[PDB]
Structure formats: C-alpha cells, structure tokens
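A lone chain, given as structure tokens: the form deposited without the named molecule.
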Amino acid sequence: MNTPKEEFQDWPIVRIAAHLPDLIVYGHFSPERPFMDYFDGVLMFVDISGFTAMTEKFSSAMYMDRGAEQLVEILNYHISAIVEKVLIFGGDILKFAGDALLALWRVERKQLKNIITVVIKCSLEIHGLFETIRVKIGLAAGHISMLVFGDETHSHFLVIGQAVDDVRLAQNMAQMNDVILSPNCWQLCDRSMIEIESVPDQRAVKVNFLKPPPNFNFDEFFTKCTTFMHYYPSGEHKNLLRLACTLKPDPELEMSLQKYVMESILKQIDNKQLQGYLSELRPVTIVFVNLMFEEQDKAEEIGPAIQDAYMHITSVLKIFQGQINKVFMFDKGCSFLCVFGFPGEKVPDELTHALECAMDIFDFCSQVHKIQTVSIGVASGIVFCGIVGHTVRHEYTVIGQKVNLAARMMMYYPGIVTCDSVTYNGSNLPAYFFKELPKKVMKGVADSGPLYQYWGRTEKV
C-alpha cells in the first residue's frame, strides 16, 4: 500500500494567516469590542526607513514603468531576510508599519531575562545581514496590553503600554547599526552577557557587545528557551518557519481571521484577482488621524475611546471607500492611516471628500470621552502600495513621501486638520475655507511646500 507525501497545503485559511501574527492567529478571544488582554514580553522595533526611503529612486523614468514591481521585489528580498531571522529566533512579527517592523516574544515574567538575551542575539544577527540600507533596532521589555477593536465585519489590534512607548523611544535614539535597550529592558536583562554604554541624557543604553561567559553555548541556551515558546515549530514541523503554515480549514476560525484583512487582499487569496495586481504606484490621498489621551498606557481607559472613534471613522470612510491601512501607537497617541484611492477604490473628487471626511472625523473624535486632542494630516500624491514581507508573513503597506508628510503634519500641527498644497489646490473649495500655516522644519521632511489648515466652511467654528 503506497504512502504518498502530504501535499503543500495552501488553503485560504493559511494564506489569510500570513497577514497576521500568532497573537491573533492563535488568540481565540471573545468577539466583543473592545477586547483587552495583558501579558509580558520583549519587543523589537526594526527601523527600516532606510529601505522604504527607496520609493523616490523607483519613481524615476529610469525604471520604465516597472518601478512598483522593482520596488516590491527589492524590498521583499531584504525584508524577507529580517523576517526569517525573527521567526527562527522565536519571535512573532506583529506589524509592518510606520517604516518599521515590530516583533514580540511573549513569555512569562520569570523568563524575560533569558529571552532578552535571545532577542539581543537576534538583533545582532539582523545587523549582520547588512554589513557591506542598514537598520536601527530598539528593544523594550515588560508589561504589554493588547487591544482588539472593530465591528461585526472588521477587526484591528494594537499593543499598548510603557514597553511599547519605550521601544519606539529606544529606536529613535539609535543610529544606524545600533541596538538600544529601554531602561526597563536594561534593568531586567542578564548584564553578564553584554557590554553597554550610556546614551547621553537618557537612561536607555546601547549594546556594544554580546560577550557571554566562557562556558556559554547559545544553541543549548536557545533550546532551553524554547520550552517557553508555545508555537515554535518543532518535531515533524521543525522545517517550517511558522506553525501557522499548518493551519487546516476551520470556517469559524477563518471567519474571525478574515476580519483583519482588506477585501481586495481576500480577493487575491481566493484566486479571483491576479497575484500582482496590488503592487502599484498610484495616486492617493492619505488621511492620518492621531488621537491623544491623558494616559496612553492604560488600555482600560483608552480602549473604549478607540472603539468609539473607530466606529465613527469606519462609517465616514464607508461613504467614500476610504480604507484604514494601519493603526498603531506613536510616541504620542493612537494613529489611523486612512487612504482614499487604493485597490481600485478610486472615487472622483477624492480631495474635497477627503477634507470633508477629515473634518467629520475631527469633530466627532474631539467629543469622545478621554480623547484629549485630535490631529489630522492630509497629503496627496503618488505612493507605493503592495504586499510587503516574507511569503509566510507579510502585510499590505503604503509607503511614500506623502505618507511621511501626513504623519509629520499631524504631529507638528497638533489639534487641527492640516493639508498639503496638492490637496488645497486640487480641492477647488474656496480659499477662505483654509488658513496658510507657518513653515515648520519637520524631521524626515524635505521641502513641505506651503501647508494649510482646513478651517472649514464657516468662520465661527
């Protein structure tokens, strides 16, 4: 009796799970919104802005109308390598976003110390890929909250808390090729493994060297650390980068997981759209919404507020097929990256509509309990869209100078709706609906062009 080999199982549920972390795939939590949960872990934030800064290079005429295709190929080639390192070291890639990848090693409290060693080694081996288009790494550790929000058809998640705030602060201190540890990470780590130095005006530290004790053996140590890693591929599945590659059809699980993935990605997954259709340089309008809270580390306070904001945003976006591309925590606040124009969702008057939707969002969110400040940046132009990452772990992402610009406008012009010159000029709304703003030098931004506040239709706000 023959024994044929199992076939490569490429079911829709597997393909959906490539777009999600294990935190969600194996999360099994209530469908109630908001949902909050609490754990401990180590975070790694890998600043890949040096790669995504290539969007400019690839809009050159030199690329003969295949800039987007070339961009996605070269980005994925480098980002894949980072993803593989994270996964082989036992990490969960949470999100690709804010010109960064964020990864998590969730463990019980007692194991944070040893897991920090693992993550430092991983970090150093990531830097190792690119010796000779480099990255900066921040590490944090400690208490982490998770929030899941959404409605009956769509779900989003966020991780929150001081360790999350810390990991971005750490990464912002890093220079290229650095690994920076948060103060708490440094307090919790195995100091015998590493040589550090002080970072001026900061309690964060820089790892100069991982130099373990004489009798240390990393592979044996790692094996010990895998006892605490629930989903590390093992046994018959030790050849797989993710256990999620083994997922079998389960309609109730797939119904829950598809809520995290945009409809046009699901169309591709279902082989009802060409696999290359979403890689494009396309004109869009970015509406970047920032919500600041009194206290942004307290999920129990900020979770209902985000949920209420989300319900309104989604209703407003529905009317114009705008989409939410990403939600993430910034140093200050919860940010929604909304896009008007992307998977063939491109209505005419996208600009006047974008500004009107921004104002609606601004007015509603400003009256939500516990939301202290709302800030919205609106920028329009060519952006790269595509599925970025590894075959086994990837996400649809939008990258470009106008993305960056809308993000910086919402941070440098807080409490108002701002727009760029493309949007202002294109809108053909009357000019007294705007205010011309002072020029600010914004980290990452070369020549803003004139920026404007969208004051709105009436003098008396």
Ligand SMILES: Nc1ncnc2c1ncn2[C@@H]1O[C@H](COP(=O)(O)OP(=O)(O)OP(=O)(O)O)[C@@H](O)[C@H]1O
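Heads up: residue numbers just count along the shown sequence, starting at 1.
The following text describes the form solved in complex with the named molecule, which does not appear among the structures shown.
Open or blocked: the named molecule, posed as in the bound PDB entry, superposed onto this form via site C-alphas, with 3 or more ligand atoms within 2.4 Å of backbone or C-beta counting as blocked?
-> Placed partner shows the pocket blocked.
Contact label in the bound PDB entry: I48 to the named molecule, heavy atom within 4.5 Å = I48: contacts the named molecule in the bound PDB entry.
Flag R33 as yes or no: does it have a non-hydrogen atom within 4.5 angstroms of any non-hydrogen atom of the named molecule in the bound PDB entry?
-> The answer is no: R33 has no heavy atom within 4.5 Å of the named molecule.
Using the partner position in the bound PDB entry, report whether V398 sits within 4.5 Å of the named molecule, counting heavy atoms only.
-> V398: contacts the named molecule in the bound PDB entry.
Do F328 and the named molecule come within 4.5 Å of each other in the bound PDB entry, heavy atoms counted?
-> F328 belongs to the contact set for the named molecule.
Looking at the named molecule in the bound PDB entry, is some heavy atom of each of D99, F288 and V403 within 4.5 Å of it?
-> Heavy-atom distance to the named molecule in the bound PDB entry: all three under 4.5 Å.
In the bound PDB entry, the one of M359, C225, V261, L337 near the named molecule [non-hydrogen atom within 4.5 angstroms] | That would be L337.
Which of these stretches, 417-425, 34-42, 430-438, 403-411, has heavy atoms within 4.5 Å of the named molecule in the bound PDB entry?
-> That would be stretch 403-411.
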